[PDB]
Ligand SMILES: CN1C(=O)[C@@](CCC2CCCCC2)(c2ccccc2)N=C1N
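Single chain ahead, written as structure tokens, the form deposited without this ligand.
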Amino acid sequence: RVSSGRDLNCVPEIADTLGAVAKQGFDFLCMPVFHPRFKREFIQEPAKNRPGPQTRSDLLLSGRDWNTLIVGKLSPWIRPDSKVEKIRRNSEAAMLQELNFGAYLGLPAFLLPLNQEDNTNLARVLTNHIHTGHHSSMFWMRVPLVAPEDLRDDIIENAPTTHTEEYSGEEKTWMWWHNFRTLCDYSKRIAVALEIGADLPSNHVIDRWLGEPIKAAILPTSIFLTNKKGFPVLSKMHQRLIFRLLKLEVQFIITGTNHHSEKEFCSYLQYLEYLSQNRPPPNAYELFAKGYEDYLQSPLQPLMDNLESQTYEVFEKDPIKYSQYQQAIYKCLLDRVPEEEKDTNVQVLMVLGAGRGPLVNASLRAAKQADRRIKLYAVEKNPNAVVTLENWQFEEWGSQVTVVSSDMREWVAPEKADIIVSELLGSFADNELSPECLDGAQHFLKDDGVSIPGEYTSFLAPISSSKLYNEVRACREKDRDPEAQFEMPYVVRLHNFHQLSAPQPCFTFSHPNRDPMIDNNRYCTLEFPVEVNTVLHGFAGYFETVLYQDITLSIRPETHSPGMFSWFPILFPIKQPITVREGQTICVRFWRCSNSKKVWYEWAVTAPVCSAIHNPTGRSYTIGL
């Protein structure tokens, strides 16, 4: 089910054209709202007094059709950045005229070209149009992967084409888009319509558009190969790109005329459908979080807040996660109770943060498959979840489980535990204060007691994603620091983004913490080798944790526990994007700060350039103790 559209520059009659397009299978149509050759004068007589009508009547389509089926196109003669003043003035007025008519028709999107380097005036006029009434209409900038000048035939005898590699030169079109949207101050209504050429550029050129707000991909019919049967297809390299684009759910646009005249015109479209059907579908985890991509969420604080019912339900819908806990407990029981003592040695297990009891059941299943005896304590400070635990304990568990409605840092244990089991970790490992909780519960762990998890580590990786940068930017709230949204992390299923370097370890904690001078504050410096040109927008966060020995949990991409749904990555944004050249090193600094009340993170970028220290003194974000 690909959403596709037909791009035309010639519409003799709208009603007939739209019907032929829909019958061929398209979802929408890109067409000019004024005739592409109907050049218009706005200043000099007599041509400025040309009798109307200036274009088609809006009555030729229903409001619903204009709202959902038509994409406007800027007339190609409009050149707001021309070097001839008279042409600039006319283009400005003509651009406003056409854009305003598009808004008049309620069109869902309007197509404007980025076909040269200087589109400064073009951006101003657009920006002026955007700030003329608040509307949701989108503006698709038509920009090619490869500039036409860089793909022309080498047929000019006295002007040969370049044959040497120009790394930055081959990325020029991205610079066209970057400068244009920067001039427009990252307007959420301005997106990219990436146009694909017959010959693809280097991978680094294509990767440049990772994290950019690509809404449409334009496919000229002239890039289509012909197979044996006369049908149109694509090279294996182009198919590789199409698959990458389908992961971005872009809308595909077919431009040009039918060159495979032996076949009908829905053939080009039928091939896209063919490619869409051929791919690994939602593999559980991709079916799990298909609607959560690039959706910013506030990181849970299970300590400061009492989690809702359905929040625990999400925790429990992950069997692989708890079967890893079961294994970790299983191995630990065997190592602590030799076979000859399997009937006399009862191990004191304590679930610290039992929620609704998934770890309790995991501990019970572990003792059974290990053939050992355990005495369970289920500690949970959320009194609402304690309701679930005590109904469980009465109806099923029985006397074997003792539910303790208390904070593990204050609870006065009646005895000491052989094993403490806890699931206090967030996407950034310690961002829920698992170290502080386990530190306070440490007194009632036996001298030889084991903590599960035994250690966890947080990882960071610089990422580029103008899409996510914009979403964060759009999180301004009425009565707080206007930039506080950049000084706080977000849990998100990172999707449209580009990882600029390999994740490196950030913070690590071990339990039990035998050390006599416990200090959970941290200061870490990291240097990320970047081998591309890009724009830094933030740092992704992951974590690894050791439940026991070799049994582990991880959301780090290179060591991701296969099949585990829990925990999306965390995102640490930065106020201002930072340009990074190929070969430069990104130097970031992270602090874990704390007082008696709150814990928080502060981060800063020190290379290639210095950012401001983010979230100083937790002014914008704190984690409650």
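We call the rigid core whatever largest set of C-alpha positions still superposes within 1.5 Å between the two forms. Numbers follow the displayed sequence, beginning with 1.
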Look over 280-288 and 349-357 in the entry and identify the one with the greater average Cα temperature factor.
-> 280-288
Give the stretch, out of 367-375 and 90-98, with the larger mean C-alpha temperature factor in the deposited entry.
-> 367-375
Have a look at 72, 414, 453, 541 and flag the one whose Cα has the highest B-factor in the entry.
-> 414
Going by the deposited entry, which of 495, 514, 467, 124 has the highest CA temperature factor?
-> 514
Taking the chain's C-alpha temperature factors as the reference, tell me which third residue 256 falls into: lowest, middle or highest.
-> highest
Taking the values exactly as deposited, rank residue 405 by C-alpha B-factor within its chain and report the matching third: lowest, middle or highest.
-> middle
What third of its chain, lowest, middle or highest, does the C-alpha temperature factor of residue 222 fall into?
-> highest
Chain-relative C-alpha B factor for residue 587 (record values, thirds): the lowest
Lowest, middle or highest third of the chain for the C-alpha temperature factor of residue 140?
-> lowest
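The form deposited with this ligand bound is left out here; the points below concern that form.
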Open or blocked: this ligand, posed as in the deposited bound form, superposed onto this form via site C-alphas, with 3 or more ligand atoms within 2.4 Å of backbone or C-beta counting as blocked?
-> blocked
Check whether residue 140 has any heavy atom within 4.5 Å of a heavy atom of this ligand in the deposited bound form, and answer yes or no.
-> no
Would you check, heavy atoms only and a 4.5 Å threshold, whether residue 435 touches this ligand in the deposited bound form?
-> yes
Looking at the partner-bound form in the deposited bound form, is residue 268 within 4.5 Å of this ligand by any heavy atom?
-> no
Verify the contact flag for residue 548: yes if a non-hydrogen atom of it lies within 4.5 Å of a non-hydrogen atom of this ligand in the deposited bound form, no if not.
-> no
In this chain shown alone, the residue from 253, 114, 555, 494 with a heavy atom within 4.5 Å of this ligand in the deposited bound form is 555
With this ligand left out of view, which of 600, 590, 28, 34 would have a heavy atom within 4.5 Å of it in the deposited bound form?
-> 590
TL;DR on 62-70, 570-578, 34-42, 47-55: the one with heavy atoms within 4.5 Å of this ligand in the deposited bound form is 570-578
So, 431, 460 and 541: all three within 4.5 Å of this ligand in the deposited bound form by heavy atoms, or not?
-> yes
Residue among 230, 148, 282, 398 with C-alpha shift of 2 Å or more between the shown form and the other one, core superposed = 282
Determine whether the C-alpha of residue 425 shifts by 2 Å or more between the shown form and the other one once the rigid core is superposed.
-> yes
C-alpha of residue 495 off by 2 Å or more between the shown form and the other one on rigid core = yes
Rigid core fitted, then: does residue 305 show a CA shift of 2 angstroms or greater between the shown form and the other one?
-> yes
Kindly indicate if, in the deposited bound form, the C-alpha atoms of residue 303 and residue 329 are closer or farther apart than in the structure shown, bearing in mind the change is 3 Å or more.
-> farther
A change of 3 Å or more separates this form from the other: in the deposited bound form, the C-alpha atoms of residue 390 and residue 306 are farther
